[PDB]
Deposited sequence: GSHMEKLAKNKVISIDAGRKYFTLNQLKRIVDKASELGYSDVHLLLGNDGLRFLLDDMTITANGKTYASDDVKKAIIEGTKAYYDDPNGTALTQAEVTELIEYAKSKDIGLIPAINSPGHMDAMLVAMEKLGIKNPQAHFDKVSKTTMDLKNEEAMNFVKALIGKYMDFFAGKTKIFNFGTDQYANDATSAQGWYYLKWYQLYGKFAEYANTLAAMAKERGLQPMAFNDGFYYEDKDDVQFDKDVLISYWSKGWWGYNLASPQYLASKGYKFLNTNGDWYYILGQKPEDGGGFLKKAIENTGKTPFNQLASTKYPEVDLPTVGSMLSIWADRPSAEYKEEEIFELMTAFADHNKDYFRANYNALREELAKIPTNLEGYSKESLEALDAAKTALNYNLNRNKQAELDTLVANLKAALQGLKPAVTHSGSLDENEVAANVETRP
């Protein structure tokens, strides 16, 4: 059935935890709401401008030398603080992120980590400076502060190795790994990075870098994901890209930022994670700033259909997507993270799409945790009968249907 097909789609909440620090227990609560509302995954940006995740062993092997774990950690902490010294914290630990993956798993919530490059790597650039790698930054109208110079082999080799060590960690723990590749040297090019790459004949060198990260992910058993920006820019295929990359499509761009359409990308075989920019919320964004403020995001949650990719009209244009992603951003990371706002937008998105989202199984899990190894024939058959009649396939339209079933389990649990 199509009932099966909709629930099998991805419902993802994206948290910008690269720019701004989130506590283990803050993220823990997001995945709780995600589970309750009927989401399937939490997308967690850990490298996005700042680098807010440190492994237990951060020993990097690149350029014929090795970088001591302690030297690497110290470098990264300084870089993340150079981007933005968050008073709430710097980086999540291995032990914390492991806990979140196992916690999310217990609630049928997948995790999708994101470590961003070659753009959005302010922290890594500084970390590499501190580590002995000179001038890792891209250079156009000015020296970039966000983007790696694709011609710096020493910088490229380090980042490749560093992303490899993160990937080694998520191998076996998560299905997907997002490497981003969005908005190249936007600070240094007046938001025309792709135009500057093609102008300086470095776009092929960009695809070569992205294809590497795609292959690195595959060989480690991770589904590679990237944003759409750099893929077949301006609908040109003079430079080819890896076709197995799950495209998180957010926008077709604006004047002078001529991104590939979803149609052109789909014609080349790409499957989409619908990351429509309409559903965007930037922390502390006000209706007067324009763009992605809360009440527009909550409004577009109903105005923009679930399967509708940015720059297209549904169902007139019906392109294949594995599901949808709702994205929360921290562009000014000093803005207050108000949990209520995110929970409200998450709810709205779920409420407008009750046939895609799952019912709330949290009550059921607590009631099933109350049944013992054994505690009387006839009363034990009612316990088996209620356990049989449980339906794990119900969507958000059927909470009542589910509640009745859990109630029958609660009643049957009190026999003898």
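Gaps in the model (deposited sequence, numbered from 1)
Missing CA coords at 376-378, 420-442.
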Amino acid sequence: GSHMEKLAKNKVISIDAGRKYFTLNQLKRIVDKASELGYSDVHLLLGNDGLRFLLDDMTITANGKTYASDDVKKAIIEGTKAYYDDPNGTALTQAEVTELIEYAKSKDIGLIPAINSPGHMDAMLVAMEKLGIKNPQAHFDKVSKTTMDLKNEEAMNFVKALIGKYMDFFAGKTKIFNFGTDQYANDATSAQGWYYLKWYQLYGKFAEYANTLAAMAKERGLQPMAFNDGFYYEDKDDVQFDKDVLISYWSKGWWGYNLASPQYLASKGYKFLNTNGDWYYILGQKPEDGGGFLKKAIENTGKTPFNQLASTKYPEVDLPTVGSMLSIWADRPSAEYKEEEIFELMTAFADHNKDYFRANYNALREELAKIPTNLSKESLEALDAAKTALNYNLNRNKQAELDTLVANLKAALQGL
From here on, numbers count along this sequence of modelled residues.
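Mean Cα B factor from the PDB record: higher for 137-145, or higher for 247-255?
Mean C-alpha B-factor is greater for 137-145.
I need to verify one thing: averaged over C-alpha atoms only, is the B-factor higher for 259-267 or for 329-337?
Result of the comparison: 329-337.
Using the entry's values, work out which of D57, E36, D384, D49 has the largest Cα B factor.
Result of the comparison over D57, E36, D384, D49: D384.
Please work out which residue in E288, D242, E208, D182 has the highest C-alpha B-factor recorded for this crystal structure.
That would be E288, according to the entry.
Ranked C-alpha temperature factor of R396 among modelled chain residues, by third
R396: CA B-factor falls in the highest third of its chain.
Lowest, middle or highest third: which one holds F293 when the chain's residues are ordered by CA B-factor from the entry?
Highest third.
Using the B-factor values recorded in the entry, state whether the Cα atom of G284 falls in the lowest, middle or highest third among the modelled residues of its chain.
Highest third of the chain for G284's C-alpha B-factor.
Cα B factor band for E378 (lowest, middle or highest third within the chain):
Answer is highest: the recorded C-alpha B-factor places it there.
Split into thirds by Cα B-factor across the chain's modelled residues, where does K73 land: lowest, middle or highest?
CA B-factor rank for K73: highest third.
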